[PDB]
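First comes one chain, alone, set out as structure tokens in the form deposited in one PDB entry.
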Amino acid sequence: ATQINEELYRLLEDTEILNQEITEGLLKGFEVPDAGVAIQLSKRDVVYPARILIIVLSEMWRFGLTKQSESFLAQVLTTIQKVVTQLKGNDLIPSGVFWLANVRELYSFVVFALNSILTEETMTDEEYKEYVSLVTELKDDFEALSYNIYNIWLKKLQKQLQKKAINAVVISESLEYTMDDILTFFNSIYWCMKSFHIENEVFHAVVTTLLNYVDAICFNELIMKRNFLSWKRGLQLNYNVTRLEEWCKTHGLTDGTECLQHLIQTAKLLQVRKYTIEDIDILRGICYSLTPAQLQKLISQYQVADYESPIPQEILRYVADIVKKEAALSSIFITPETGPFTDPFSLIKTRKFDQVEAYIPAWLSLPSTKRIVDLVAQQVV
């Protein structure tokens, strides 16, 4: 163990090689596995980079190479953030989820280390105060990374939806994108998180955030449409929105209906009858998530068909004066939730750290890192 520990020390201390292997080879030559079923990934295949970084970090601390560890981890933090900010296209969903899972594994370890240092009795009491202050300042930074890469990734997903969602929900006519394309997008998110063993609460967060986004942006599209909002349309809007409601209930979400109420109640407004005062009274009850201002505009921009007579003046006049008297007892658009976002990982308990076996994919080429991982393994008999 003398010569093993010496070779190991020499690898760990010389961080300008080791950083360049990790930065390029592992954090940029990162091959994210496929995000589909019939190819069960284990946890180690999803969190392989994090677990390498832990083996290396555990050893740097064992040997007391603490200034090497902060140069090492400062390069990691920068590189994981750069990778996620540069994501685009087909890989946005799977790459995003891959890194969220790996940062979570890292963060969970640092938390486990910090709690162990404070509780276990291990060396002087000034080197200890600085070791605690090093590991807590580290925890704070990996907390900040989790938060950043989630908000970057989630803002990127909202921008992919915005291109598809307006045309698919508001324009598309399933009796230029379709509702099939929106469902395929949500299927992609569902299967990634399933295949990558993401905690079920993070899925709920992501889909809730995006359904409220679709709700807001499509409602704000609808309410400006001029010769458009007919009875025909409301039926078609109801059918489109129901596809998402029904998807949510077959993929484990019970909040899906709460998230789509501005769309649902707009569809109801266009299908219910509006030619007496009592009809406006129970309409106001049906459309509980709509303000009087929003009702006024949707009603006055309602496209009657041929045959169908227009909304009487009595009615248009009555709605006009419900708005005037609420202002009294003192924007029609819904402001969409673009950010910032609570990190759903922060709300849930960090992953427990039993000693995990030292694995490195055979397709990688990191000779210094491989040898570090090998020499740790050797001392496990």
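Throughout, rigid core stands for the largest set of C-alpha atoms superposing within 1.5 Å between the two forms. Just count from 1 along the sequence shown to find any residue number.
The same protein also has a form deposited with a partner chain bound, omitted here; what follows describes it.
Decide yes or no: are 216, 228 and 319 jointly within 4.5 Å of the partner chain in the deposited complex, with each residue judged by its heavy atoms?
Spot residues vs the partner chain: no contact at all.
Counting only heavy atoms and a 4.5 Å cutoff, which of 270-278, 203-211, 87-95, 180-188 contacts the partner chain in the deposited complex?
Going by heavy atoms within 4.5 Å, the stretch is 87-95.
At the 4.5 Å heavy atom threshold, is residue 364 in contact with the partner chain in the deposited complex?
Contact with the partner chain, no.
Is there a heavy atom of residue 148 no more than 4.5 Å from a heavy atom of the partner chain in the deposited complex?
Residue 148: yes, in contact with the partner chain in the deposited complex.
Taking any heavy atom pair closer than or equal to 4.5 Å as contact, tell me whether residue 42 reaches the partner chain in the deposited complex.
Output for residue 42 is no: heavy atoms all beyond 4.5 Å of the partner chain.
Spell out, yes or no, whether the shortest heavy atom distance between residue 232 and the partner chain in the deposited complex is within 4.5 Å.
Residue 232: no contact with the partner chain in the deposited complex.
With the partner chain left out of view, choose which of 167, 257, 303, 81 has a non-hydrogen atom within 4.5 angstroms of it in the deposited complex.
Of the candidates 167, 257, 303, 81, 81 is the one lying within 4.5 Å of the partner chain in the deposited complex.
Tell me, out of 152, 293, 171, 311, which residue has a non-hydrogen atom within 4.5 angstroms of the partner chain in the deposited complex.
When the partner chain is considered in the deposited complex, the option within 4.5 Å is 152.
Of 35, 50, 46, 27, which one has a Cα that moves 2 Å or more between this form and the one not shown once the core is lined up?
So the residue whose C-alpha moves 2 Å or more is 35.
Closer or farther: how do the Cα atoms of residue 102 and residue 38 compare in the deposited complex versus the shown form, where the change is at least 3 Å?
Closer together, which means the C-alphas of residue 102 and residue 38 are at least 3 Å nearer in the deposited complex.
Flagged pair residue 35/residue 185: C-alpha distance shifts by 3 angstroms or more in the deposited complex. Which direction, closer or farther?
More distant in the deposited complex, by 3 Å or more.
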